[PDB]
Amino acid sequence: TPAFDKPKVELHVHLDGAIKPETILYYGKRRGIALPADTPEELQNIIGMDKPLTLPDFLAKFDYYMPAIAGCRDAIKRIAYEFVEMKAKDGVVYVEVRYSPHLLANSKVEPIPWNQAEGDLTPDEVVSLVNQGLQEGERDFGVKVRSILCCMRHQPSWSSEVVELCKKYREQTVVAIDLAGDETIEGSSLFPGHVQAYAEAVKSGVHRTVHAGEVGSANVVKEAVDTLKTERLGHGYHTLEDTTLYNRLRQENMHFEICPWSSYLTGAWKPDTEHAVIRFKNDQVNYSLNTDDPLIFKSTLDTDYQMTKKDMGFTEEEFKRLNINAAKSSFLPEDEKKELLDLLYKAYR
Ligand SMILES: NC(N)=Nc1nc(-c2ccc(CNc3nc4ccccc4[nH]3)s2)cs1
Ligand SMILES: [Zn+2]
């Protein structure tokens, strides 16, 4: 019934769109914040979409619930532990999971998100708290888990507190820096706070990932590669608009973090046309399959493989190939990965 019953790797999914309805009220309703609702069953259908909204429709979704968990310590650790638990029900042996500390914070961060007031919920406490619930999740649900912390494009002021959090919490449990948010902002990749954060990353050996080529042209993908020095791309569908960049990522073994079901609802991929991942799969690309914002997309990893089985023709050696290139591209330290790759060869034949 589920498209591909075997174990899985996932590398692109955001904490703060992978929170449950239910604990959206429990913190919501405890905290009064208060929502479009009071059933734990109909947040879901409002802050979950069915069809391609726009950018502002989309960010406004964050506005109802985010203010219910950010700010409250209890809920930062809650959503950590509960996240691990979804991945095991999805049949995932390794997940890298991501988020911005700033967006959980309530103290120590200009500007203050989600309209909230002051506080003592620090950015650094947020990372502390997330690590926790992540770890109790590896031990309870038996998924191995690392995190990535996420620069916001519009906010290059944060970025250096970012790379530094990434060296503070190194291995316990953060493996990488990300860049995200809205790739529309002209020359965002190239803001000095973004560039120096990634340079520092290189200096002190944090890994690197970048969201690019999703709603954004190929030149944003070339700046992620050549200036920011990433080792993998968040999405990168626009790489195909630029063939020489292509042939070279293809020659370089770049890994692309695909969200196919995300690519519909966001507008990244058009209904009429070519699917980026079919092409990437006719060309034997280094890519992976990924959920992204499962709240907001009303979905599970099975949504994604279903789609790919049930339209774009995926055999199941695809499925296996792609989960192999995924733990190959992972940001596990070198023993750890060989160990993961083991698990998966055992399971796959
Ligand atoms: N959990 C996540 N994704 N964090 C954050 N993401 C933003 C993002 C802004 C623009 C993004 C990419 N562009 C984008 N445009 C969209 C239209 C419809 C649905 C989704 C969309 N995402 S993600 C703000 S905070
Ligand atoms: Zn993303």
Side-chain angles (χ1 to χ4, degrees), residues 10-20 24 46-70 76 79-80 83 86 95-105 109 111-115 126 130 147-155 158-159 162 176-186 188-189 208-217 220-221 224 230 232-238 255-271 276 287-299 301 304:
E10 188 183 9
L11 298 200
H12 197 120
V13 38
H14 301 253
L15 194 59
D16 42 40
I19 316 170
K20 253 149 80 87
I24 309 180
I46 293 144
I47 56 183
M49 13 180 309
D50 23 63
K51 131 176 212 282
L53 299 178
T54 91
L55 180 145
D57 289 37
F58 188 70
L59 302 146
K61 315 304 199 212
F62 269 80
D63 299 317
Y64 315 119
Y65 69 88
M66 273 321 285
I69 77 283
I76 276 65
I79 68 170
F83 173 80
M86 330 163 55
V95 53
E96 287 193 10
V97 62
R98 73 198 41 183
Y99 63 92
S100 167
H102 319 74
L103 300 173
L104 276 354
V109 34
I112 315 203
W114 339 116
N115 298 111
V126 189
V130 210
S147 70
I148 286 164
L149 308 181
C150 275
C151 316
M152 305 308 309
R153 291 191 170 258
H154 85 261
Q155 197 90 216
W158 284 349
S159 285
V162 191
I177 181 127
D178 176 63
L179 179 58
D182 170 15
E183 264 169 313
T184 52
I185 309 189
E186 85 197 288
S188 61
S189 319
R208 299 158 240 94
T209 197
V210 171
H211 275 87
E214 161 197 25
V215 75
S217 80
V220 5
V221 165
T230 18
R232 307 187 314 234
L233 297 177
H235 325 264
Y237 313 133
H238 307 166
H255 179 90
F256 290 69
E257 298 171 6
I258 324 301
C259 323
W261 156 275
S262 224
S263 85
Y264 169 75
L265 287 178
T266 61
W269 160 94
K270 312 207 179 76
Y287 67 110
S288 56
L289 222 71
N290 305 259
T291 256
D292 213 353
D293 278 282
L295 182 58
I296 302 170
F297 311 149
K298 284 182 318 174
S299 42
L301 216 14
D304 288 280

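Start at 1 and go down the list; that is how both ligands and their atoms are numbered. Counting begins at 1 with the first residue of the sequence. Side chains included, hydrogens not; waters and symmetry mates left out as well; all remaining heavy atoms used.
The aromatic rings of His12 and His211 stand perpendicular to each other, their planes meeting at an angle above 60°, with 30° marking the opposite boundary.
If you take CD1 on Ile19 and CD1 on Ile69, they are separated by 3.5 Å, rounding to the nearest 0.5 Å. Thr230 OG1 to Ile177 CD1: the interatomic distance, rounded to the nearest 0.5 Å, is 11.5 Å. The CG atom of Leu104 sits 4.0 Å away from atom CD1 of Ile76, with the distance rounded to the nearest 0.5 Å.
Protein heavy atom at the shortest distance from atom 12 (C) of ligand 1 is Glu214 OE1, 3.3 Å. Scanning all protein heavy atoms for the shortest distance to atom 5 (C) of ligand 1 gives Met152 CE, 4.6 Å. Given atom 18 (C) of ligand 1, the protein heavy atom at minimum distance is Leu53 O, 3.3 Å. Nearest to atom 6 (N) of ligand 1 among the protein's heavy atoms is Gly181 CA, 4.4 Å. The protein heavy-atom contact nearest to atom 7 (C) of ligand 1 is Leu59 CD2, 3.6 Å. Looking only at protein heavy atoms, the nearest one to atom 1 (N) of ligand 1 is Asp16 OD1, 2.6 Å. Looking only at protein heavy atoms, the nearest one to atom 22 (N) of ligand 1 is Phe58 CE2, 3.5 Å. What sits closest to atom 2 (C) of ligand 1 on the protein, heavy atoms only, is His14 ND1, 3.5 Å.
In this structure, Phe62 counts as a contact residue of ligand 1, since one of its heavy atoms falls inside 4.0 Å of the ligand.
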Run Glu257 and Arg98 through side-chain contact (heavy atoms from CB on, under 4.5 Å) and show every step you take. CA-CA 13 Å; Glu257 298 171 6; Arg98 73 198 41 183; 2.8 Å; yes

Run the numbers on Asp293 and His14 for side-chain contact (heavy atoms from CB on, under 4.5 Å), then give the verdict. CA-CA 6 Å; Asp293 278 282; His14 301 253; 3.9 Å; yes

Please walk me through it: do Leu103 and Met152 pass side-chain contact (heavy atoms from CB on, under 4.5 Å)? CA-CA 9 Å; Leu103 300 173; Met152 305 308 309; 3.8 Å; yes

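In this structure, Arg153 and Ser189 have side chains that are in contact, with non-hydrogen atoms separated by less than 4.5 Å.
Around the Zn ion (ligand 2), the two atoms NE2 of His12 and NE2 of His14 are separated by an angle of 130°, to 10 degrees.
Proximity to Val215 (heavy-atom distance under 4.0 Å) selects the following atoms of ligand 1: 13 (N). Numbered from 1 in the order shown, with element, the atoms of ligand 1 that lie under 4.0 Å from a heavy atom of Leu265 read 18 (C), 19 (C). Near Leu55, with a cut-off below 4.0 Å to any heavy atom, the atoms of ligand 1 are 17 (C).
Put simply, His211 gets within reach of the Zn ion (ligand 2), with an N, O or S atom under 2.8 Å from it. Here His235 fails the criterion, with no N, O or S atom under 2.8 Å of the Zn ion (ligand 2).
For the 3.5 Å distance criterion, the side chains of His235 and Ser263 fail to qualify, holding no donor opposite an acceptor.
Of the listed residues (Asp293, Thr266, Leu295), the one carrying the non-hydrogen atom nearest atom 17 (C) of ligand 1 is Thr266.
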Enumerate donor-acceptor pairs with a distance under 3.5 Å from any side-chain N or O in residues 59-68 to protein atoms, sequence neighbours excluded.
from: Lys61; atom 1: NZ; to: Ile46; atom 2: O; distance (Å): 3.4
from: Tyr65; atom 1: OH; to: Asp16; atom 2: O; distance (Å): 2.7

